[PDB]
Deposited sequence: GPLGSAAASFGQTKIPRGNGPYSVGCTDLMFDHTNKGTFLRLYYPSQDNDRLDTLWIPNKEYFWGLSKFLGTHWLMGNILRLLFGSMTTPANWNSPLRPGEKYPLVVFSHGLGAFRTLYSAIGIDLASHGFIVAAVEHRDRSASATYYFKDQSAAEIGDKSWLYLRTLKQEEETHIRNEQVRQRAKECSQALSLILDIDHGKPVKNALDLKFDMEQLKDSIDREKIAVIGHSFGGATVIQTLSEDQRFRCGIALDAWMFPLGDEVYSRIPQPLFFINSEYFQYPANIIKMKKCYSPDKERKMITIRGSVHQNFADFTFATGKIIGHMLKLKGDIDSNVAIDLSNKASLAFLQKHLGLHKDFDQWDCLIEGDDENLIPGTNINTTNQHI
């Protein structure tokens, strides 16, 4: 029940791992393509990891419920040729992994973006895998890495080291895609029926953005601070705790905060406002009635009553919420990447001009 893209392009999806180690890049790619058959959560170990994240055999139950659920993109469909596409690198939240934000990835793709959804190896993912050597990769002998749980004494330090690794992973993902764009040969550690040589000369190398949710929102900010190739960033309900104090004044690129209503709190909002400066471009909106999970795919995976019970759904309808976030995002991207599309029709959303939006936030700080 993950919504199809609202844009004119049809959408393909594939996975890329290169190199095969846990120091390499692992990403899910959404792209304009030339069957809506992509497996949403493709391995049992992801369900085990989700169970550990939830602190709960619970894993096998999740598996039975969601294990064959699909997401509306055409698996390994060829790339739509004849044009250069802007690129979004997307960063997932704590306890997530690369496949859980397909509602966003597929909608951006359907509007003509290539979206690289990275899977982080910083031990923030519920689960991820790699191969210990080429021989392991050849027979698909995966080595799994589960979420690390932290002592309270550890949190400050380890979360910051993690957000630094995440930013390095977004930069490495970008460097890989750009290298491929100029013809670098890559051997996908996953043996999939999509030729990465398709991506040669298909990226608009000047129109690069980073987007992310929660832990991924802090990753947006660390990445912008560290990598000037990214031209703008969109932080979806950023969890600001991982960031060091020094970074807040070191973000030159335009930055858009799109918040849920119920996730936010003063300690977090204050850090967002520390990013502000008269000489820099900053916007913020809050989606009325929304919760933290409105930005991820599980908001579409259950019915309304169960969803509200488990806080996967807010008072606002899930499709309406994600549509608002996606349209405001597209308008911001058009403005600060210099796109030649008609997304500026939603410029009003950036300013929070809608029944279901608040300009800035309703939380007040000094």
Could you name the stretches of the deposited sequence that have no C-alpha atoms in this structure? 1-13, 48-50, 73-74, 385-388
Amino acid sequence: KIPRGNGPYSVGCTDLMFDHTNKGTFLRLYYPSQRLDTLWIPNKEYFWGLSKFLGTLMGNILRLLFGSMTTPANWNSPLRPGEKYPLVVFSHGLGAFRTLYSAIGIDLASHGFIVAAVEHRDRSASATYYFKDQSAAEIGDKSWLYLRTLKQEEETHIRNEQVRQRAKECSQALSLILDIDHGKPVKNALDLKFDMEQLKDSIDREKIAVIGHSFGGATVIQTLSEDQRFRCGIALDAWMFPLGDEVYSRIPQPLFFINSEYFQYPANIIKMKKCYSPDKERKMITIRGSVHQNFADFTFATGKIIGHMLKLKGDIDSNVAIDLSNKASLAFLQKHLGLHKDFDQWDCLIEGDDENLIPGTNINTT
From here on, numbers count along this sequence of modelled residues.
Between 126-134 and 227-235, point out the one with the higher average CA B-factor as the PDB entry records it. 126-134
Averaged over C-alpha atoms, is the B-factor higher for 41-49 or for 308-316 in this PDB entry? 308-316
Quick one: which of 261, 153, 107, 169 shows the highest Cα temperature factor in the PDB entry? 153
Among 74, 99, 294, 160, where is the Cα temperature factor highest, going by the PDB entry? 74
According to the PDB entry, is the CA B factor of residue 270 in the bottom, middle or top third of its chain, that is, lowest, middle or highest? middle
Among the modelled residues of its chain, the C-alpha B-factor of residue 331 falls in the third labelled middle
Chain thirds by Cα B factor, record data; residue 187 belongs to the highest
For residue 17, the third of its chain into which the C-alpha B factor falls: lowest
Determine, from the deposited record, the chain-internal third of the Cα B-factor for residue 257: lowest, middle or highest. lowest
